[PDB]
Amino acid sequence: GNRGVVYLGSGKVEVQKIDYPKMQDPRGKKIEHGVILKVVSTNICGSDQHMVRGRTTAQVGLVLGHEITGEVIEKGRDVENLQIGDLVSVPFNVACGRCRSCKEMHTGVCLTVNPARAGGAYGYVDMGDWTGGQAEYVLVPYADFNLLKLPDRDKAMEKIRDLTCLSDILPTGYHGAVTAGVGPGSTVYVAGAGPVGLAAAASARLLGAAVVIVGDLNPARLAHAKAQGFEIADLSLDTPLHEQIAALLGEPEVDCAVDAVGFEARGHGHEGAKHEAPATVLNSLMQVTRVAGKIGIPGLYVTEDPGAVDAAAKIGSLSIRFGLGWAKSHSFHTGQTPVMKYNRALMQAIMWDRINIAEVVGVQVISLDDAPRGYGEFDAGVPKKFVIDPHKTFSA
């Protein structure tokens, strides 16, 4: 059998028995290029929280999870590179490797796996209805294209809390930093101290950044970031962000900025911080990024948000002070991360002890039975990254 985390509506999730995976696409067409995995580790993301909070078009009954690490237990006949028993990291993007986007390495926007729009992902709104992987077992299509084979079992399993971050958050923070132009000696501001913002800060550090400033309103997440060796900015203070940056750096701007918040952003200041203001991060990043800088935006912005602040925000239309970014010659880089572009190199960085990602993001391993409470604690703001071990493969 199988069981997984199901969205029930009204901010609730629950573990339920679900169908065992089949070798077919979501439209029921049998495939020979996929594998069925026994899930080793499967995480909870901020994107899942957006869905569970009712800020997307997600429907009741949705099986969640797009951050999978697992063992191949079955394979189709068009799977040349994986053997039964192999341990693999699964990119959250469902990609075919047989379309223009995939061939050009734009694996976040594959043209064939989703009938409604480009781009596919597991257990995710508007992403092709590929079943989620916060579960015991899951299907991965186009296995020879998507999967990253991990090192022999023993090496890999010792670092499983780090390697479970390769499915999404480490490559996502990395993509945010790279597309914001971070490199050796850069000064960087990362808005957001959730797991993706922390991964972006760790990635900026791995890239050689001179200093990373991580901003948030949540004081537990700021304390965590500071303890991990980053500088911080507290957006709930009345002190403007540019003054908090100037106090740390000697100038009110950074070389590079990353938005790791997205469409549920809060305003700034004692009062501002209390209310949602979806364009706040974009507007602040134009203010604090130096001229000709690049703004990397891994934070999610959607086409429909039923709980947004106004009619315009309900269809993703925000009041952005674009003239400011224009006057400073800023570039803006957005979208789902093409995880496959970076996951192999990041695996090598983890295996050679060049990054301590599980420590930086606050990995906490929980059972599948503890997933609903993990969602609740994460929603409350704890500075953790919940990693489910469904079969008690490594946390007995």
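The numbering used is simple: start at 1 and walk along the sequence shown.
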### Task
Would you mind comparing 65-73 and 336-344 for me and telling me which has the higher average C-alpha temperature factor in the entry?
65-73
### Query
Comparing 264-272 with 213-221, which has the greater mean CA B-factor as deposited?
264-272
## Note on the structure
Among 259, 129, 78, 253, the highest C-alpha B-factor in the PDB entry belongs to 129
### Query
With respect to the C-alpha temperature factors reported in the PDB entry, which of 95, 324, 291, 308 ranks highest?
308
#### Entry: Modelled-residue ranking by C-alpha temperature factor, third containing residue 328
lowest
### Message
Where does the C-alpha B-factor of residue 314 rank in its chain, lowest, middle or highest third?
### Response
highest
### Query
Thinking about Cα B factors across the chain, which third does residue 161 belong to?
middle
## Note on the structure
residue 301: CA B-factor among chain residues, third -> middle
### Message
Splitting the chain's C-alpha B-factors into thirds, which one does residue 203 fall into?
### Response
lowest
